[PDB]
Amino acid sequence: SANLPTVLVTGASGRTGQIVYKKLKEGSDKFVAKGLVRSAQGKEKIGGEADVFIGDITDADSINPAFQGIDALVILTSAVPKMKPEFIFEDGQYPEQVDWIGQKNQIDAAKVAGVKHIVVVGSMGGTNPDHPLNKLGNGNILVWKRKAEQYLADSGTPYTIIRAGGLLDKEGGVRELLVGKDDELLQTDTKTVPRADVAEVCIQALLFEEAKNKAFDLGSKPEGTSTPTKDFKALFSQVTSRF
Ligand SMILES: NC(=O)c1ccc[n+]([C@@H]2O[C@H](COP(=O)([O-])OP(=O)(O)OC[C@H]3O[C@@H](n4cnc5c(N)ncnc54)[C@H](OP(=O)(O)O)[C@@H]3O)[C@@H](O)[C@H]2O)c1
(Lines give C-alpha, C1' and ligand atoms only; values in the text may rest on other atoms or scores of the structure.)
Protein backbone atom coordinates (compact mmCIF):
# COMPACT_ATOMS: atom_id res chain seq x y z
CA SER A 1 0.00 0.00 0.00
CA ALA A 2 1.03 3.68 -0.36
CA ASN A 3 1.94 3.92 3.32
CA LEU A 4 3.22 0.38 3.92
CA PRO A 5 5.15 -0.55 0.75
CA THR A 6 5.64 -4.18 -0.25
CA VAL A 7 9.25 -4.12 -1.57
CA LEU A 8 10.49 -7.04 -3.73
CA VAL A 9 14.27 -7.58 -3.70
CA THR A 10 15.55 -9.80 -6.55
CA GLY A 11 18.92 -11.68 -6.24
CA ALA A 12 17.91 -11.87 -2.60
CA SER A 13 20.21 -14.85 -2.01
CA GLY A 14 23.07 -12.74 -3.49
CA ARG A 15 25.74 -11.18 -1.29
CA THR A 16 24.38 -7.61 -1.46
CA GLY A 17 20.80 -8.87 -2.14
CA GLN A 18 20.57 -10.74 1.21
CA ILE A 19 21.62 -7.64 3.22
CA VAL A 20 18.87 -5.70 1.35
CA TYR A 21 16.45 -8.53 2.21
CA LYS A 22 17.34 -8.56 5.94
CA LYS A 23 17.27 -4.76 6.26
CA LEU A 24 13.75 -4.73 4.74
CA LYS A 25 12.85 -7.43 7.36
CA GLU A 26 14.78 -5.84 10.34
CA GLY A 27 12.99 -2.62 9.48
CA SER A 28 9.82 -4.53 8.42
CA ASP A 29 8.06 -1.64 10.13
CA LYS A 30 8.41 0.81 7.21
CA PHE A 31 8.30 -2.04 4.61
CA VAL A 32 6.90 -5.45 3.85
CA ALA A 33 9.85 -7.50 2.54
CA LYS A 34 9.60 -9.93 -0.39
CA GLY A 35 12.57 -11.74 -1.97
CA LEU A 36 13.13 -13.39 -5.32
CA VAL A 37 15.76 -16.14 -5.60
CA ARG A 38 16.79 -18.50 -8.45
CA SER A 39 16.76 -21.82 -6.50
CA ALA A 40 15.41 -23.65 -3.46
CA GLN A 41 18.98 -23.70 -2.10
CA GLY A 42 19.02 -19.86 -2.28
CA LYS A 43 15.66 -19.62 -0.53
CA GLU A 44 16.81 -21.76 2.38
CA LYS A 45 20.18 -19.90 2.64
CA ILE A 46 18.22 -16.76 3.54
CA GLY A 47 15.89 -18.28 6.11
CA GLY A 48 13.52 -20.14 3.77
CA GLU A 49 10.66 -17.86 4.85
CA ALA A 50 7.27 -17.41 3.13
CA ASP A 51 7.96 -13.98 1.66
CA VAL A 52 10.71 -15.52 -0.57
CA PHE A 53 9.80 -16.62 -4.15
CA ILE A 54 11.74 -18.91 -6.58
CA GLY A 55 11.99 -17.93 -10.23
CA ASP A 56 14.32 -17.50 -13.21
CA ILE A 57 14.60 -13.89 -14.38
CA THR A 58 15.27 -15.16 -17.96
CA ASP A 59 11.74 -16.76 -17.91
CA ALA A 60 9.31 -13.91 -17.50
CA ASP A 61 6.29 -16.05 -16.46
CA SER A 62 8.28 -17.85 -13.76
CA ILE A 63 8.96 -14.48 -12.07
CA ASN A 64 5.50 -12.89 -12.55
CA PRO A 65 4.08 -14.37 -9.29
CA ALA A 66 6.72 -12.50 -7.23
CA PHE A 67 5.57 -9.15 -8.62
CA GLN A 68 1.94 -9.45 -7.52
CA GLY A 69 0.97 -6.67 -5.14
CA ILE A 70 4.43 -5.02 -4.87
CA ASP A 71 4.99 -1.26 -4.51
CA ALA A 72 8.77 -1.08 -5.11
CA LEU A 73 11.47 -3.22 -6.66
CA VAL A 74 15.21 -3.48 -5.80
CA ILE A 75 17.10 -5.27 -8.58
CA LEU A 76 20.16 -6.99 -7.21
CA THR A 77 20.48 -9.74 -9.84
CA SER A 78 23.64 -10.21 -11.95
CA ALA A 79 25.07 -12.66 -14.48
CA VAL A 80 27.75 -14.46 -12.50
CA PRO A 81 30.94 -15.78 -14.21
CA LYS A 82 31.83 -19.43 -13.57
CA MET A 83 35.39 -20.78 -13.43
CA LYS A 84 36.40 -24.05 -15.15
CA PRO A 85 42.14 -19.81 -13.72
CA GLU A 86 39.80 -18.71 -16.57
CA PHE A 87 36.18 -17.45 -16.34
CA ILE A 88 33.15 -18.33 -18.44
CA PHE A 89 29.34 -17.77 -18.58
CA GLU A 90 27.04 -20.81 -18.40
CA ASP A 91 24.80 -21.31 -21.41
CA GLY A 92 21.77 -19.00 -21.65
CA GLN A 93 23.15 -17.18 -18.59
CA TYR A 94 25.26 -14.52 -20.29
CA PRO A 95 24.96 -10.84 -19.31
CA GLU A 96 22.77 -10.38 -22.44
CA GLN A 97 20.21 -12.83 -21.07
CA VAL A 98 20.63 -12.16 -17.36
CA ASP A 99 21.45 -8.43 -17.18
CA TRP A 100 19.72 -6.98 -20.20
CA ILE A 101 16.83 -9.37 -20.79
CA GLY A 102 16.68 -10.64 -17.15
CA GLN A 103 16.30 -7.11 -15.98
CA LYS A 104 13.93 -6.17 -18.78
CA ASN A 105 11.59 -8.86 -17.53
CA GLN A 106 11.68 -7.46 -13.95
CA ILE A 107 11.08 -3.93 -15.14
CA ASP A 108 8.11 -5.05 -17.34
CA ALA A 109 6.65 -7.16 -14.55
CA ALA A 110 7.01 -4.20 -12.22
CA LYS A 111 5.20 -1.71 -14.48
CA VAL A 112 2.19 -4.05 -14.64
CA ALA A 113 1.90 -4.21 -10.86
CA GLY A 114 2.06 -0.46 -10.67
CA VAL A 115 5.38 -0.11 -8.89
CA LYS A 116 6.09 3.47 -7.80
CA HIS A 117 9.88 3.01 -7.69
CA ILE A 118 12.51 0.66 -9.15
CA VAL A 119 16.05 0.70 -7.70
CA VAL A 120 18.83 -1.11 -9.63
CA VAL A 121 22.39 -1.84 -8.50
CA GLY A 122 24.96 -1.88 -11.24
CA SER A 123 28.63 -1.18 -11.65
CA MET A 124 31.06 1.64 -12.37
CA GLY A 125 32.70 1.22 -15.79
CA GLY A 126 29.88 1.89 -18.21
CA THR A 127 31.06 5.18 -19.77
CA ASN A 128 34.06 3.23 -21.11
CA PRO A 129 33.06 0.44 -23.60
CA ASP A 130 36.67 -0.88 -23.69
CA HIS A 131 36.66 -1.46 -19.87
CA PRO A 132 38.49 -4.68 -18.80
CA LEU A 133 35.32 -6.07 -17.09
CA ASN A 134 33.57 -6.54 -20.48
CA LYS A 135 36.20 -9.10 -21.52
CA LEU A 136 35.39 -11.39 -18.55
CA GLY A 137 33.97 -14.63 -19.98
CA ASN A 138 33.41 -12.75 -23.27
CA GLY A 139 30.22 -11.24 -21.76
CA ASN A 140 30.12 -7.45 -22.21
CA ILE A 141 28.53 -7.38 -18.74
CA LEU A 142 28.82 -3.61 -18.33
CA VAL A 143 27.35 -2.95 -21.77
CA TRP A 144 24.29 -5.11 -21.11
CA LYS A 145 23.77 -3.69 -17.57
CA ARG A 146 23.93 -0.19 -19.02
CA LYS A 147 21.30 -1.23 -21.64
CA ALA A 148 19.06 -2.29 -18.70
CA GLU A 149 19.82 0.92 -16.93
CA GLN A 150 18.85 3.01 -20.02
CA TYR A 151 15.71 0.87 -20.45
CA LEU A 152 14.77 1.66 -16.84
CA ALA A 153 15.42 5.39 -17.21
CA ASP A 154 13.20 5.16 -20.39
CA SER A 155 10.17 3.20 -18.99
CA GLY A 156 8.37 6.08 -17.22
CA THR A 157 8.57 4.51 -13.72
CA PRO A 158 10.51 6.47 -11.07
CA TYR A 159 13.95 4.91 -10.82
CA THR A 160 17.25 4.98 -8.93
CA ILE A 161 20.30 3.57 -10.73
CA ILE A 162 23.27 2.86 -8.37
CA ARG A 163 26.60 2.19 -10.07
CA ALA A 164 28.73 0.79 -7.22
CA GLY A 165 32.50 0.76 -6.94
CA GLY A 166 34.36 -2.48 -6.25
CA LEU A 167 32.37 -4.38 -3.67
CA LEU A 168 33.97 -4.98 -0.31
CA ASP A 169 33.04 -7.37 2.46
CA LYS A 170 33.40 -4.74 5.18
CA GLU A 171 31.13 -3.24 7.88
CA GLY A 172 28.37 -0.89 6.79
CA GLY A 173 27.54 2.43 8.46
CA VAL A 174 31.17 3.35 9.20
CA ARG A 175 32.29 5.23 6.07
CA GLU A 176 31.72 8.52 4.31
CA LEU A 177 29.89 7.44 1.14
CA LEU A 178 30.77 9.26 -2.08
CA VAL A 179 28.42 9.94 -5.00
CA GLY A 180 29.73 10.43 -8.51
CA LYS A 181 28.92 10.93 -12.16
CA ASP A 182 30.34 9.19 -15.26
CA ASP A 183 33.09 7.02 -13.72
CA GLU A 184 34.94 10.07 -12.34
CA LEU A 185 35.49 8.26 -9.03
CA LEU A 186 37.57 5.67 -10.92
CA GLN A 187 40.34 8.26 -11.14
CA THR A 188 40.47 8.19 -7.35
CA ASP A 189 41.51 5.73 -4.65
CA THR A 190 37.97 5.97 -3.23
CA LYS A 191 36.29 3.78 -5.90
CA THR A 192 35.20 0.75 -3.81
CA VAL A 193 32.40 0.34 -1.24
CA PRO A 194 31.18 -2.23 1.35
CA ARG A 195 28.26 -4.41 0.23
CA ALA A 196 26.40 -3.32 3.37
CA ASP A 197 26.49 0.39 2.40
CA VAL A 198 25.21 -0.36 -1.16
CA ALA A 199 22.37 -2.27 0.56
CA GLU A 200 21.84 0.75 2.87
CA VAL A 201 21.75 3.13 -0.11
CA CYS A 202 19.03 0.92 -1.83
CA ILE A 203 16.82 1.17 1.26
CA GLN A 204 17.51 4.90 1.73
CA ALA A 205 16.61 5.65 -1.91
CA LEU A 206 13.13 4.21 -1.03
CA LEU A 207 12.72 6.77 1.81
CA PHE A 208 13.78 9.97 0.03
CA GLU A 209 12.06 11.69 -2.93
CA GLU A 210 15.48 13.21 -3.78
CA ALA A 211 16.53 9.69 -4.98
CA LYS A 212 13.83 9.29 -7.62
CA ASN A 213 14.92 9.64 -11.26
CA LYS A 214 18.61 9.73 -10.30
CA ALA A 215 21.66 7.86 -11.54
CA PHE A 216 24.97 8.01 -9.65
CA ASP A 217 28.21 6.08 -9.05
CA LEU A 218 28.74 4.95 -5.47
CA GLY A 219 32.17 4.87 -3.76
CA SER A 220 33.34 5.33 -0.18
CA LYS A 221 36.18 6.81 1.91
CA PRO A 222 38.24 4.32 3.95
CA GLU A 223 36.91 3.87 7.47
CA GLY A 224 38.61 6.57 9.61
CA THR A 225 39.40 9.19 6.90
CA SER A 226 35.97 10.82 7.55
CA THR A 227 32.55 10.94 9.30
CA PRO A 228 30.06 8.15 8.34
CA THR A 229 27.14 9.12 6.08
CA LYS A 230 24.11 9.40 8.35
CA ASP A 231 22.20 12.08 6.39
CA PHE A 232 20.90 10.52 3.16
CA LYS A 233 18.79 13.59 2.26
CA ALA A 234 21.93 15.62 1.66
CA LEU A 235 23.58 12.67 -0.13
CA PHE A 236 20.82 12.18 -2.71
CA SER A 237 20.50 15.94 -3.22
CA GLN A 238 24.02 16.19 -4.71
CA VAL A 239 22.83 14.02 -7.64
CA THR A 240 21.35 15.83 -10.66
CA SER A 241 22.02 13.27 -13.40
CA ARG A 242 19.11 11.16 -14.69
CA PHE A 243 21.50 8.78 -16.35
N1 LIG B 1 31.73 -7.81 -7.55
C2 LIG B 1 31.99 -6.50 -7.49
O3 LIG B 1 33.08 -5.94 -6.74
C4 LIG B 1 31.07 -5.57 -8.25
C5 LIG B 1 31.48 -4.24 -8.42
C6 LIG B 1 30.56 -3.26 -8.71
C7 LIG B 1 29.22 -3.62 -8.83
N8 LIG B 1 28.81 -4.91 -8.70
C9 LIG B 1 27.38 -5.17 -8.89
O10 LIG B 1 26.72 -5.16 -7.67
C11 LIG B 1 25.59 -6.02 -7.72
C12 LIG B 1 25.58 -6.85 -6.42
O13 LIG B 1 26.78 -7.60 -6.32
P14 LIG B 1 26.88 -8.92 -5.44
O15 LIG B 1 28.23 -9.49 -5.67
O16 LIG B 1 26.48 -8.68 -4.04
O17 LIG B 1 25.80 -9.86 -6.22
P18 LIG B 1 25.90 -11.49 -6.40
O19 LIG B 1 26.33 -12.09 -5.17
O20 LIG B 1 26.83 -11.90 -7.47
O21 LIG B 1 24.40 -11.97 -6.71
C22 LIG B 1 23.74 -11.83 -7.94
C23 LIG B 1 22.41 -12.55 -7.71
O24 LIG B 1 21.73 -12.67 -8.92
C25 LIG B 1 21.16 -13.96 -8.98
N26 LIG B 1 20.85 -14.42 -10.35
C27 LIG B 1 21.72 -14.59 -11.41
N28 LIG B 1 21.00 -15.06 -12.46
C29 LIG B 1 19.72 -15.19 -12.07
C30 LIG B 1 18.60 -15.65 -12.76
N31 LIG B 1 18.81 -16.49 -13.79
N32 LIG B 1 17.40 -15.68 -12.07
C33 LIG B 1 17.29 -15.29 -10.74
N34 LIG B 1 18.41 -14.86 -10.05
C35 LIG B 1 19.60 -14.81 -10.74
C36 LIG B 1 22.18 -14.87 -8.35
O37 LIG B 1 21.51 -16.03 -7.94
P38 LIG B 1 22.23 -17.28 -7.18
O39 LIG B 1 22.38 -17.15 -5.69
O40 LIG B 1 21.25 -18.42 -7.43
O41 LIG B 1 23.61 -17.43 -7.80
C42 LIG B 1 22.67 -13.98 -7.22
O43 LIG B 1 21.89 -14.21 -6.09
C44 LIG B 1 25.67 -6.79 -9.03
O45 LIG B 1 24.81 -6.20 -10.01
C46 LIG B 1 27.08 -6.54 -9.50
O47 LIG B 1 27.15 -6.44 -10.90
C48 LIG B 1 29.71 -5.91 -8.40
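Preceding this section is the structure that the text describes.
Residues numbered from 1 in each chain as written, not as in the entry; some residues may be left out. Heavy atoms only, no water.

Draft legend 1. Just the overall build of the chain, in detail. Tallying secondary structure elements over the chain gives seven helices and 12 strands in all. For 243 residues, the compact-globule formula gives about 18 Å, and the C-alpha radius of gyration of the chain, at 17 Å, lands near that figure. Once the C-alpha set of the chain is aligned to its principal axes, its extents read approximately 45 × 45 × 35 Å. Looking at the 243 residues of the chain, the share that counts as buried comes to 48%. A total accessible area of about 11500 Å² is found for the chain, and carbon and sulfur atoms account for 49% of it. (Helix = DSSP H or I, 4+ residues; strand = E, 2+ residues; numbered from the N terminus. Rg over C-alpha atoms; globule rule 2.2 N^0.38 Å. Buried < 20%, exposed > 50% of the residue type's maximum accessible area, 1.4 Å probe, protein only. Areas by Shrake-Rupley, 256 points an atom, 1.4 Å probe, with all protein chains shown as cover.)

Draft legend 2. Representation of a nonpolar patch on the surface in the model. Side chains of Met83, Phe87, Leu133 and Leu136 sit close together on the surface and give an oily, nonpolar patch of about 330 Å² of accessible area. Summarising the element assignment, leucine 136 is placed in the loop between β7 (117-123) and α5 (141-154). Residue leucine 136 is classed as partly exposed on the basis of its relative accessible area of 32%. (Patch = residues over 30% accessible without salt bridge, like charges linked within 9 Å, V, L, I, M, F, W, Y side chains within 5 Å. Salt bridge = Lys/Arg side-chain N within 4 Å of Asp/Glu carboxyl O.)

Draft legend 3. Layout of the nonpolar core. Core analysis: the largest hydrophobic core is formed by 35 residues, its most contacted members being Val20, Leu24 and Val74. Beyond its immediate sequence surroundings of up to four residues, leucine 24 is in contact with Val7, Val9, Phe31, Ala33, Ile203 and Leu206. Within the second largest apolar cluster, 22 residues are counted, among which are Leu8, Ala79, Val98 and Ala110. (Core = buried A, V, L, I, M, F, W, Y, C linked by side-chain atoms within 4.5 Å. Contact = heavy atoms within 4.5 Å.)

Draft legend 4. Structural detail: the packing of aromatic side chains. Within the structure shown, the criterion is met by four aromatic pairs. For the ring pair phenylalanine 89 and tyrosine 94, a centre distance of 5.8 Å and an interplane angle of 45° mean the geometry is tilted. A relative accessible area of 4% places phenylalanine 89 in the buried class. Arranged with centres 6.1 Å apart and planes meeting at 65°, the rings of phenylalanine 216 and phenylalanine 236 form a pair that is edge-to-face. With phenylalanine 216 in strand β12 (residues 214-220) and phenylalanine 236 in helix α7 (residues 232-237), the pair connects residues that are 20 residues apart, well separated along the chain. (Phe/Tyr/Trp six-rings, centres within 6.5 Å; stacked < 30°, edge-to-face > 60°.)

Draft legend 5. Main features of empty space enclosed by the protein. Looking at the largest cavity, its volume works out to about 90 Å³. The wall of the largest cavity is formed by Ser123, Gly125, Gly126, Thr127, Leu142, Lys145, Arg146, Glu149, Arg163, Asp182, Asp183 and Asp217. In terms of residue class, the lining of the largest cavity is built from one nonpolar, four polar and seven charged. (1 Å grid on protein atoms, 1.4 Å probe; cavity = no way out; pocket = protein on both sides within 12 Å on 5 of 7 lines; lining within 4 Å. Points joined across faces, edges and corners; volume = space filled by probe spheres on them. Nonpolar A, V, L, I, M, F, W, Y, C, P; charged D, E, K, R; others polar.)

Draft legend 6. Representation of the environment of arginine 146. Along the chain, the position of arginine 146 falls in helix α5. When its relative accessible area of 23% is taken as the criterion, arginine 146 is described as partly exposed. Remark: the alpha-carbon pair of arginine 146 and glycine 102, spanning 44 residues in sequence, is separated by 13 Å.

Draft legend 7. Focus on the site of the ligand. Of all residues adjacent to the ligand, which total 24 residues, the nearest are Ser13, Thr16, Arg38, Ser78 and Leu167. Residue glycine 14 places a main-chain N or O atom 3.1 Å away from an oxygen atom belonging to the ligand. Within the side chain of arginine 195, an N or O atom sits 3.0 Å from an oxygen atom of the ligand. Mapping the ligand onto the cavity grids shows that it belongs to the largest pocket. Broken down by secondary-structure element, the contributors of at least two residues to the shell around the ligand are α1 (15-26), β7 and β9 (166-168). Counting residues per element, the shell around the ligand draws most heavily on β7, at three residues. Here the shell around the ligand is composed, by residue class, of seven nonpolar, 12 polar and five charged. (Near = heavy atom within 4 Å. Polar contact = N/O pair within 3.5 Å; in protein donor to acceptor, adjacent residues only side chain to side chain. Sits in = over half its atoms within 2 Å of the grid points.)

Draft legend 8. Fine view of the sheet that holds strand β3 (residues 52-54). The strand order across the open sheet formed by eight strands is β3-β2-β1-β4-β7-β8-β12-β10, and the pairing between neighbours is mixed. In this open sheet, the two strands that pair with only one neighbour each are β3 and β10 (177-180). When the angles between neighbouring strand axes are averaged without regard to direction, this sheet yields 20°. Helix-sheet contacts for helix α3 (residues 60-67) involve β1 (6-10), β2 (32-37), β3 and β4 (72-75), and the interaxial angle to β2 is about 165°. Lying over the sheet, α5 contacts β7 and β8 (159-164), oriented at roughly 160° with respect to β7. (Pairing = 2+ DSSP bridges. Axes fitted to C-alpha atoms, helices over the stretch in contact; angles between N-to-C directions.)

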